[PDB]
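Written out below as structure tokens is the structure these notes cover.
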Amino acid sequence: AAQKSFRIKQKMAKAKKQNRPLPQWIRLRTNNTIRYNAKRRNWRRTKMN
Amino acid sequence: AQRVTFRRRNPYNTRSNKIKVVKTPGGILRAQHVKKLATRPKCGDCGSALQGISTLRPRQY
Amino acid sequence: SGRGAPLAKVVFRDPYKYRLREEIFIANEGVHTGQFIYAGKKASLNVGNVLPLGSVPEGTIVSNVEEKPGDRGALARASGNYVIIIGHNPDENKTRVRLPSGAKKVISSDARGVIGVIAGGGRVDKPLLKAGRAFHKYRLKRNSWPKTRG
Amino acid sequence: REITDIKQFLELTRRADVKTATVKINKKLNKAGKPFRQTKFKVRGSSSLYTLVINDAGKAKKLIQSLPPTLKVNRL
Amino acid sequence: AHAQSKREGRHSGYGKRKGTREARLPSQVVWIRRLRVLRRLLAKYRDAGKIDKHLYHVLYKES
Amino acid sequence: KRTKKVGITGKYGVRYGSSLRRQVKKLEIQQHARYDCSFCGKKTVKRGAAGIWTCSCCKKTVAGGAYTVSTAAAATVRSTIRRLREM
RNA sequence: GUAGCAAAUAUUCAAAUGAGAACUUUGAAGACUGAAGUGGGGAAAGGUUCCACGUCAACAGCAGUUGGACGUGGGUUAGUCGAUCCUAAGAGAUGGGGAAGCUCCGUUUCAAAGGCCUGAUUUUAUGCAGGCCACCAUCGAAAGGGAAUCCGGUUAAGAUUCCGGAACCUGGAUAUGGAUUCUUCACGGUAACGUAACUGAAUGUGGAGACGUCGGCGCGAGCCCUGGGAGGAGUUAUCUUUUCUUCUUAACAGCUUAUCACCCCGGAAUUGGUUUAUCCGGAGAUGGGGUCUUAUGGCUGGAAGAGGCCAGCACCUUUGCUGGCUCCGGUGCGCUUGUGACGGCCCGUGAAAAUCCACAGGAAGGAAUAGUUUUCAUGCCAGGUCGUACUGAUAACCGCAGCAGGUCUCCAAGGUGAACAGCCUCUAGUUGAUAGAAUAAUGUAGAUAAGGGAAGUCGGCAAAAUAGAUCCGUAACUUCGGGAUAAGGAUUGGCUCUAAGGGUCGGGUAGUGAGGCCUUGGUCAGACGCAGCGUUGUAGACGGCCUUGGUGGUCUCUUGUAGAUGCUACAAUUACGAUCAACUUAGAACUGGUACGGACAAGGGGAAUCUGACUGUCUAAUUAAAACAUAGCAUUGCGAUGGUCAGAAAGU
């Protein structure tokens, strides 16, 4: 809201850091069931809080 | 022809958010926050003002 | 607000410490600014003065009367209303009084009251007028207005 | 800023909290009488800037020379 | 060209007049113009000594 | 003169009925009249906040009726108090 | 491979890019929003959407080289803006009391409810007392109260924060200058009050914080219109001393500046002063002279070095360098806006606290061969924490979505016109909503119709007609206020004139002693500049100041001139000139394909009945009404150890 509380800024900041696709060297490893990042969120698609 | 803008996120024409429009040395028309006026210190007996006494909003003195 | 009778803010002193204990009265009619109000048993019988009903003659028009002695005002407190001190009895010191409702009560002789009628009288005898007048009257007392019929 | 006086200026120069002064020369016109010099000696230090306006090149010369060697002077 | 044409008194007829008299020029502001004129004349006349206090007063209240 | 009988209550147009307009007028005149500052002598006492009558220029507020500076009940009480004070 | 992807007027040509272009970038047209916007900021909400590069499998209901997409990065700088602090409606621990208990009541109560300062006395710093003071948490506003910041520049994206320049405030330290001091806590003015300071504890007191709404009126700033001049640009077959545009001045500091109020002298009726608005005066008007508030303006400093508008010169890159102008007006029922003094209104009289000051008061301290004072002048130091990017919506918020919906505000140009109406344009912004072709039926949204004129129909539903302004005229009925724009008429363009309605200045004339131009008479500083290494040879135009007369009418003439833009003596006494300036309404002529509120905008009216008196309110999403409300009227209960009502209970 331009005048954020720090408690909201800290959580926006974690949501920013979390917003990336799967690093494409983990698909190489042994048994690796993981294909793509399932918990990926866009600012358009779904909101938070 | 030139229009102006607030400078303090308070977009509400209340008291303590009064705009005087000013032309600046940069040839630019800009808004500045004029502070509240000072009511005169008044007689402790009658209603009339106290003569020989500066207005100066409280804490200015 | 919500009361149609002026309040007389009357500055008294503190007998025990150095102050001016300001007290809020209900102005009797004819009371004016700067005039001296006298409150006590020995105080003279003038409009505005606060004397106990026992220390007063019969037929007096008193107001802001105490039900009990030490109440600090209960009766005849509204606009243009007053008690009439009908009778007396020093034997079991209890004086007979006639209330604005027309009821006769028996109060203690030490129960105080202010002399004269309470100011703002005849306020009810003008029609309120067009709804909005009522609206504005009620808006500063209570939320008991535009009454739906059951 | 303040504009003082003259005098007080010969003591402003030696106030010992001032490091810098400024000479500004503004060729100004008086009812087309003639374009004169208009020199301004500005004393920066510390909580205010003191202006001495001189209107003749003679006194300009005299107390430019009188401005202390224990001072920095920015001409324009 | 219109502002000069309206100075010389054109474009002022009955069919170029969509406001009432009291909107175009308020009867109040006309009265204030006139009275302030008559008040300042009577002020100049009494101070210049053309008339005295007693005529000033009766023509002040008649004005 | 402009209005025959309506007077001050011309501001209420045709609404509220003749008899209510006359009853409000009788008191609308009284509350808006000027009275004799019994300290000053001058005939200017500002009614302001029903029951309160201030003097224009001697700063002395008296407590009065809602629509008149001194009502018939307050005249009676002041007379009767004066009468039975002397004993 | 159907319905469909049709409301917000609209796109078109070329190049570039690219495998590919209706959609991308640029250029060029044509348009729209039209400053109550499709402009420029913000609130809540979102949360990185902001910006750069790379890129197009998915998404953008066509396309895609584009993107609010996709991949990787970059970005939000504060003593002054907010939060932080204060209280508001209120929410809530505590003491207590209820409750089997979850917990409920109450917030000053049937409570033993800690804080404040002076020195003390110097026991490596701890015991005093001057003594005081106390119905008492806390939370509660990013629109209320509130210590203090402005300008210019700067980035791909931040800036009242960064940089440069200038301030200011609070908190703390301190040393100089000043001011005060021979009984010491300043003087002046009759006075209102003044000055750079010019002791002041407890306690008390008062002010500011601190307040409605409206109508006119005065003033201010900004904008709008407008003149002369210094620049640039546009038009030029013809016309145009003209079409457009720049000519700006912040906080802050100074010296000044006013309505109001107040003071001294004076004593008014022959009643005067006076507002647009009728108030004021022997509790002292008018009048003469003064005092203050500094809002507000002026000038100056800030500050021209800044910014702007230019011209000349180059510069490989990337940068420049040089010089010039930046001046002087005028105007007003203009628009916005701050405001001052008034006035209408109320059975409505329109927050509180933090905070700051002042006084009353006289505790305590303090002198002259050395000390007082930090409410003034300067000087020194510090200012933490969090927020700060961006959209704010016909694509960033909510509505399953890139949804014709909803969602709080600020600034606001020209013309027409009563107007923030409608219509057109400037600044700024978009040109986005799948496209191409063809113009059958039926639709939807606009229109027109001969004659008749409600015959249609449940019913004049829908549409038509009326409409602005000026003059004329206006009935029944009435609660005498209304009805009323009743009804019913008449006029309106263009052009050329005529008439009226103002501001400022002058007072309207001849006779001396004493002060604009022209020397003259005396007279006071001398600024600057040429050429060599402050120095010495060294140009020098002249800046100030005083007092003598003479020159508009005119004999003097084939004809004149410089300034009426000239402070002294006795005066002769009117309804009049010069000058500058808006738009209001009348009046006349002339003129046209009888047209003229030429588009836009914009009442249909009348006679009756039922009904509710009126304005107001509700069935969000089928009912706006005669229903509800209302003022008025009436009734009923209750004098508090009470009435109506709440709670499981209670020191509710």
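Residue numbering restarts at 1 in every chain; chains get A, B, ... in the order shown in the structure tokens, and ligands count up from 1 in that same order.
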
Could you please tell me, as a ChimeraX atom specification, which residues of chain G have an atom within 7 Å of chain C when using only C-alpha atoms (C1' of nucleotides)?
/G:204,347-348,629-631

Pick out the residues sitting within 10 Å of region 22-35 of chain B, and hand them over as an NGL selection string; count only C-alpha atoms (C1' of nucleotides), and ignore anything fewer than 2 positions along from it in its own chain.
(:B and (2-8 or 15-20 or 37-38 or 57)) or (:G and (150-152 or 160 or 221-222 or 248-251 or 303-304 or 306-308 or 338 or 411))

For region 389-397 of chain G, find every residue with an atom within 9 Å (counting only C-alpha atoms (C1' of nucleotides)), except residues of its own chain fewer than 6 positions away, and show them as a list in words.
residues 2, 43 and 44 of chain A; 8, 42, 43, 44, 45, 46, 48, 49, 50, 68, 75, 76, 157, 158, 404, 407 and 433 of chain G

So that I can check the surroundings of residue 201 (chain G), please list as an NGL selection string every protein, DNA and RNA residue that reaches within 9 Å of it, counting only C-alpha atoms (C1' of nucleotides) and ignoring chain neighbours fewer than 4 positions away.
:G and (118 or 363-364)

Would you give me, as CSV, each residue of chain A having an atom within 12 Å of an atom of chain G, along with its shortest atom pair and that distance in Å to one decimal, using only C-alpha atoms (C1' of nucleotides) and sorting by chain and residue number?
```
residue,atom,partner,partner_atom,distance
A:1,CA,G:45,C1',7.1
A:2,CA,G:388,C1',6.9
A:3,CA,G:387,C1',5.0
A:4,CA,G:387,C1',5.8
A:5,CA,G:387,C1',6.7
A:6,CA,G:386,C1',6.5
A:7,CA,G:386,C1',9.9
A:8,CA,G:47,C1',9.6
A:9,CA,G:47,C1',8.9
A:10,CA,G:47,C1',11.4
A:11,CA,G:47,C1',9.8
A:12,CA,G:47,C1',6.3
A:13,CA,G:47,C1',9.1
A:14,CA,G:47,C1',11.2
A:15,CA,G:47,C1',8.8
A:16,CA,G:48,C1',7.6
A:17,CA,G:48,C1',11.0
A:19,CA,G:48,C1',10.7
A:20,CA,G:71,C1',9.8
A:21,CA,G:71,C1',9.4
A:23,CA,G:71,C1',11.9
A:41,CA,G:47,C1',11.7
A:42,CA,G:49,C1',9.6
A:43,CA,G:47,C1',7.0
A:44,CA,G:396,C1',8.3
A:45,CA,G:401,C1',9.7
A:46,CA,G:400,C1',10.9
A:47,CA,G:46,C1',8.3
A:48,CA,G:47,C1',9.6
A:49,CA,G:46,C1',9.5
```

Chain E contacts to chain G at 7 Å (only C-alpha atoms (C1' of nucleotides)) as a ChimeraX atom specification:
/E:14-15,17-20,23-25,29,32

Let's have the selection written as a PDB file, in the first residue's frame, with N, CA, C and O atoms.
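File result.pdb, as written:
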```pdb
ATOM      1  N   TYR E  14     -31.419  40.634 -28.576  1.00  0.00           N
ATOM      2  CA  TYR E  14     -32.337  39.806 -27.751  1.00  0.00           C
ATOM      3  C   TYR E  14     -32.089  38.311 -27.991  1.00  0.00           C
ATOM      4  O   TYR E  14     -32.368  37.528 -27.063  1.00  0.00           O
ATOM      5  N   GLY E  15     -31.558  37.935 -29.160  1.00  0.00           N
ATOM      6  CA  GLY E  15     -31.324  36.533 -29.554  1.00  0.00           C
ATOM      7  C   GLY E  15     -29.906  36.059 -29.283  1.00  0.00           C
ATOM      8  O   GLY E  15     -29.527  35.034 -29.879  1.00  0.00           O
ATOM      9  N   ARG E  17     -28.725  36.162 -25.785  1.00  0.00           N
ATOM     10  CA  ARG E  17     -28.938  36.532 -24.363  1.00  0.00           C
ATOM     11  C   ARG E  17     -29.692  35.401 -23.654  1.00  0.00           C
ATOM     12  O   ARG E  17     -30.915  35.530 -23.455  1.00  0.00           O
ATOM     13  N   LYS E  18     -28.981  34.331 -23.292  1.00  0.00           N
ATOM     14  CA  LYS E  18     -29.572  33.074 -22.756  1.00  0.00           C
ATOM     15  C   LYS E  18     -29.649  33.116 -21.226  1.00  0.00           C
ATOM     16  O   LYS E  18     -30.321  32.241 -20.657  1.00  0.00           O
ATOM     17  N   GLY E  19     -28.980  34.076 -20.586  1.00  0.00           N
ATOM     18  CA  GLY E  19     -29.095  34.338 -19.139  1.00  0.00           C
ATOM     19  C   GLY E  19     -30.076  35.460 -18.859  1.00  0.00           C
ATOM     20  O   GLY E  19     -30.225  36.348 -19.724  1.00  0.00           O
ATOM     21  N   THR E  20     -30.711  35.437 -17.683  1.00  0.00           N
ATOM     22  CA  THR E  20     -31.574  36.533 -17.167  1.00  0.00           C
ATOM     23  C   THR E  20     -30.708  37.757 -16.839  1.00  0.00           C
ATOM     24  O   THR E  20     -29.482  37.590 -16.659  1.00  0.00           O
ATOM     25  N   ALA E  23     -28.709  37.433 -13.689  1.00  0.00           N
ATOM     26  CA  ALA E  23     -27.600  36.461 -13.860  1.00  0.00           C
ATOM     27  C   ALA E  23     -26.441  37.104 -14.629  1.00  0.00           C
ATOM     28  O   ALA E  23     -25.287  36.969 -14.169  1.00  0.00           O
ATOM     29  N   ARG E  24     -26.744  37.736 -15.770  1.00  0.00           N
ATOM     30  CA  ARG E  24     -25.771  38.474 -16.626  1.00  0.00           C
ATOM     31  C   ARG E  24     -25.082  39.558 -15.790  1.00  0.00           C
ATOM     32  O   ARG E  24     -23.836  39.586 -15.774  1.00  0.00           O
ATOM     33  N   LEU E  25     -25.878  40.402 -15.124  1.00  0.00           N
ATOM     34  CA  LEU E  25     -25.405  41.468 -14.204  1.00  0.00           C
ATOM     35  C   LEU E  25     -26.357  41.559 -13.011  1.00  0.00           C
ATOM     36  O   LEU E  25     -27.457  42.093 -13.144  1.00  0.00           O
ATOM     37  N   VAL E  29     -25.284  44.009  -7.508  1.00  0.00           N
ATOM     38  CA  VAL E  29     -23.930  44.563  -7.832  1.00  0.00           C
ATOM     39  C   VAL E  29     -24.089  45.914  -8.543  1.00  0.00           C
ATOM     40  O   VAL E  29     -23.199  46.767  -8.369  1.00  0.00           O
ATOM     41  N   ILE E  32     -24.882  48.304  -5.687  1.00  0.00           N
ATOM     42  CA  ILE E  32     -23.640  48.501  -4.880  1.00  0.00           C
ATOM     43  C   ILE E  32     -22.724  49.488  -5.613  1.00  0.00           C
ATOM     44  O   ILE E  32     -22.167  50.372  -4.935  1.00  0.00           O
TER      45      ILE E  32
END
```

Which residue out of G:168, G:147, G:571, G:627 has the minimum interatomic distance to chain D when only C-alpha atoms (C1' of nucleotides) are used?
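Of the candidates, the smallest distance to chain D is held by G:168.
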
Residues of chain G that approach chain F to 12 Å or less, counting only C-alpha atoms (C1' of nucleotides): could you list each one with the shortest pair of atoms and its distance in Å to one decimal, rows by chain and increasing residue number, as a tab-separated table?
```
residue	atom	partner	partner_atom	distance
G:279	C1'	F:44	CA	10.7
G:280	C1'	F:57	CA	10.7
G:281	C1'	F:42	CA	11.4
G:283	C1'	F:40	CA	8.1
G:344	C1'	F:32	CA	11.3
G:345	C1'	F:48	CA	11.0
G:346	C1'	F:49	CA	8.0
G:347	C1'	F:50	CA	7.6
G:348	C1'	F:49	CA	9.8
G:349	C1'	F:49	CA	5.1
G:350	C1'	F:49	CA	11.6
G:478	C1'	F:14	CA	9.5
G:479	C1'	F:18	CA	4.5
G:480	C1'	F:4	CA	7.4
G:481	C1'	F:13	CA	4.6
G:482	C1'	F:14	CA	6.3
G:483	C1'	F:14	CA	10.4
G:613	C1'	F:16	CA	8.4
G:614	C1'	F:15	CA	6.0
G:615	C1'	F:15	CA	9.8
G:630	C1'	F:16	CA	11.2
G:631	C1'	F:16	CA	7.7
G:632	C1'	F:20	CA	8.1
```

Keeping only C-alpha atoms (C1' of nucleotides), write the selected residues as a PDB file, in the first residue's frame.
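Output file result12.pdb follows:
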```
ATOM      1  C1'   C G 279     -25.751  49.856  13.504  1.00  0.00           C
ATOM      2  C1'   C G 280     -22.759  53.378  16.927  1.00  0.00           C
ATOM      3  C1'   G G 281     -22.269  57.647  20.409  1.00  0.00           C
ATOM      4  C1'   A G 283     -20.135  54.011  30.823  1.00  0.00           C
ATOM      5  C1'   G G 344     -29.405  34.900   8.525  1.00  0.00           C
ATOM      6  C1'   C G 345     -30.363  30.053  11.341  1.00  0.00           C
ATOM      7  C1'   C G 346     -31.411  26.760  15.677  1.00  0.00           C
ATOM      8  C1'   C G 347     -36.347  23.316  21.470  1.00  0.00           C
ATOM      9  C1'   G G 348     -29.464  21.909  16.497  1.00  0.00           C
ATOM     10  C1'   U G 349     -25.432  27.060  19.663  1.00  0.00           C
ATOM     11  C1'   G G 350     -21.668  23.209  16.043  1.00  0.00           C
ATOM     12  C1'   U G 478     -56.474  29.906  -0.869  1.00  0.00           C
ATOM     13  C1'   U G 479     -54.224  28.100   5.304  1.00  0.00           C
ATOM     14  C1'   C G 480     -53.548  35.156   1.959  1.00  0.00           C
ATOM     15  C1'   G G 481     -47.404  32.621   2.092  1.00  0.00           C
ATOM     16  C1'   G G 482     -49.382  30.621  -2.824  1.00  0.00           C
ATOM     17  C1'   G G 483     -51.522  28.956  -7.235  1.00  0.00           C
ATOM     18  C1'   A G 613     -51.330  17.179   3.965  1.00  0.00           C
ATOM     19  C1'   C G 614     -46.355  18.648   2.606  1.00  0.00           C
ATOM     20  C1'   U G 615     -40.078  17.511   2.235  1.00  0.00           C
ATOM     21  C1'   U G 630     -43.388  13.240  10.155  1.00  0.00           C
ATOM     22  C1'   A G 631     -45.048  17.807  12.754  1.00  0.00           C
ATOM     23  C1'   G G 632     -49.720  18.434  15.266  1.00  0.00           C
TER      24        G G 632
END
```

Restrict the distance test to only C-alpha atoms (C1' of nucleotides), flag each residue of chain G within 12 Å of chain D, and return the flagged residues as a PyMOL selection string.
chain G and resi 165-168+176-177+251-255+300-305+327-328+378-380+525-528+534+543

At what distance in Å, to one decimal, does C1' of residue 563 (chain G) lie from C1' of residue 547 (chain G)?
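Interatomic distance here is 18.5 Å.
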
If you run DSSP on the backbone, which residues of chain B are strand (DSSP E), as a PyMOL selection string?
chain B and resi 18-23+29-34

Taking only C-alpha atoms into account, which residues of chain F are within 12 Å of chain B, as a list in words?
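Taken together, these residues fit the definition: residues 57, 58, 59 and 60 of chain F.
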
Expected file contents, prior selection, N, CA, C and O atoms, as a CSV table (one decimal), in the first residue's frame:
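Contents of result_35.csv, freshly written:
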```
chain,number,residue,atom,x,y,z
F,57,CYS,N,-23.0,45.1,23.9
F,57,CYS,CA,-21.8,45.8,24.3
F,57,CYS,C,-21.9,46.3,25.8
F,57,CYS,O,-22.0,47.5,26.0
F,58,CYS,N,-22.0,45.3,26.7
F,58,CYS,CA,-21.4,45.4,28.1
F,58,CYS,C,-21.0,44.1,28.6
F,58,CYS,O,-20.5,44.0,29.8
F,59,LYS,N,-21.0,43.0,27.7
F,59,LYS,CA,-20.7,41.6,28.1
F,59,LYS,C,-21.3,41.2,29.4
F,59,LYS,O,-20.5,41.1,30.4
F,60,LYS,N,-22.6,41.0,29.5
F,60,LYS,CA,-23.4,40.5,30.6
F,60,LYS,C,-24.5,39.7,30.2
F,60,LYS,O,-25.5,40.2,29.6
```

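Coordinates place CA of residue 36 (chain B) at a distance of 13.1 Å from CA of residue 13 (chain B).
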
Would you mind writing down, as a compact mmCIF listing (two decimals) with N, CA and C atoms, in the first residue's frame, each residue of chain F that DSSP on the backbone assigns to alpha helix (DSSP H)?
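Result file follows (result-v3.txt):
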```txt
# COMPACT_ATOMS: atom_id res chain seq x y z
N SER F 18 -52.05 27.19 8.78
CA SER F 18 -52.19 28.59 9.23
C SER F 18 -51.97 28.69 10.75
N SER F 19 -52.67 27.86 11.52
CA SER F 19 -52.75 27.95 13.00
C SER F 19 -51.41 27.63 13.65
N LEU F 20 -50.63 26.70 13.09
CA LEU F 20 -49.26 26.37 13.57
C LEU F 20 -48.28 27.49 13.18
N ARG F 21 -48.47 28.10 12.01
CA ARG F 21 -47.63 29.22 11.50
C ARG F 21 -47.84 30.47 12.37
N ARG F 22 -49.07 30.74 12.81
CA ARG F 22 -49.37 31.88 13.72
C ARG F 22 -48.78 31.61 15.11
N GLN F 23 -48.89 30.38 15.61
CA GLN F 23 -48.44 29.99 16.97
C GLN F 23 -46.90 30.06 17.05
N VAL F 24 -46.19 29.69 15.97
CA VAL F 24 -44.70 29.75 15.90
C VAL F 24 -44.26 31.21 15.71
N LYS F 25 -45.03 32.01 14.95
CA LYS F 25 -44.72 33.43 14.62
C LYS F 25 -44.67 34.25 15.91
N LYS F 26 -45.74 34.21 16.71
CA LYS F 26 -45.89 34.96 17.99
C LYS F 26 -44.60 34.87 18.82
N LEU F 27 -43.92 33.71 18.79
CA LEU F 27 -42.68 33.43 19.58
C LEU F 27 -41.42 33.66 18.72
N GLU F 28 -41.51 33.48 17.40
CA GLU F 28 -40.41 33.78 16.43
C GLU F 28 -40.11 35.29 16.45
N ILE F 29 -41.13 36.14 16.62
CA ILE F 29 -40.96 37.62 16.77
C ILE F 29 -40.25 37.89 18.09
N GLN F 30 -40.76 37.33 19.20
CA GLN F 30 -40.26 37.58 20.58
C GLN F 30 -38.77 37.23 20.67
N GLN F 31 -38.35 36.07 20.15
CA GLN F 31 -36.95 35.56 20.30
C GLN F 31 -35.98 36.38 19.44
N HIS F 32 -36.48 37.05 18.39
CA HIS F 32 -35.67 37.83 17.41
C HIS F 32 -35.79 39.35 17.64
N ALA F 72 -43.54 35.62 32.34
CA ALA F 72 -44.58 36.02 33.32
C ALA F 72 -44.41 35.26 34.64
N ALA F 73 -43.94 34.01 34.59
CA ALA F 73 -43.67 33.14 35.76
C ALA F 73 -42.45 33.65 36.54
N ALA F 74 -41.44 34.17 35.84
CA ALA F 74 -40.17 34.69 36.42
C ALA F 74 -40.38 36.10 37.00
N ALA F 75 -41.34 36.87 36.46
CA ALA F 75 -41.79 38.17 37.00
C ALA F 75 -42.50 37.94 38.34
N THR F 76 -43.45 37.00 38.35
CA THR F 76 -44.26 36.58 39.54
C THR F 76 -43.33 36.13 40.67
N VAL F 77 -42.39 35.21 40.38
CA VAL F 77 -41.49 34.59 41.39
C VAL F 77 -40.58 35.67 42.00
N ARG F 78 -40.06 36.59 41.18
CA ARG F 78 -39.12 37.66 41.62
C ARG F 78 -39.87 38.63 42.55
N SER F 79 -41.11 38.97 42.19
CA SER F 79 -42.04 39.82 42.97
C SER F 79 -42.37 39.15 44.31
N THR F 80 -42.75 37.87 44.29
CA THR F 80 -43.19 37.09 45.48
C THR F 80 -42.00 36.88 46.42
N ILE F 81 -40.80 36.62 45.88
CA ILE F 81 -39.54 36.44 46.67
C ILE F 81 -39.20 37.77 47.37
N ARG F 82 -39.18 38.88 46.62
CA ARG F 82 -39.04 40.27 47.14
C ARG F 82 -40.04 40.51 48.28
N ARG F 83 -41.28 40.06 48.10
CA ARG F 83 -42.42 40.26 49.04
C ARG F 83 -42.14 39.53 50.36
N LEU F 84 -41.84 38.22 50.31
CA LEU F 84 -41.70 37.35 51.51
C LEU F 84 -40.23 37.26 51.97
N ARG F 85 -39.30 38.01 51.35
CA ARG F 85 -37.89 38.16 51.81
C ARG F 85 -37.83 39.10 53.03
```

Can you pull out every residue within 12 Å of residue 45 (chain B), counting only C-alpha atoms (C1' of nucleotides), but drop anything in the same chain fewer than 6 positions away, and send it as a PyMOL selection string?
(chain C and resi 34) or (chain F and resi 59) or (chain G and resi 205-207)

For residue 21 (chain D), find every residue with an atom within 12 Å (counting only C-alpha atoms (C1' of nucleotides)), except residues of its own chain fewer than 2 positions away, and show them as a PyMOL selection string.
chain D and resi 9+12-14+17-19+23-24+40-46+49-52+64+67-76

Counting only C-alpha atoms, collect the residues of chain C whose closest atom lies at most 12 Å from chain F, and write them out as number ranges by chain.
C: 1, 3-9, 26-35, 43-49, 56-63, 78-84, 115-131

Rounded to one decimal place, report the CA of residue 9 (chain B)-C1' of residue 81 (chain G) distance in Å.
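One can read the CA of residue 9 (chain B) to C1' of residue 81 (chain G) distance as 8.1 Å.
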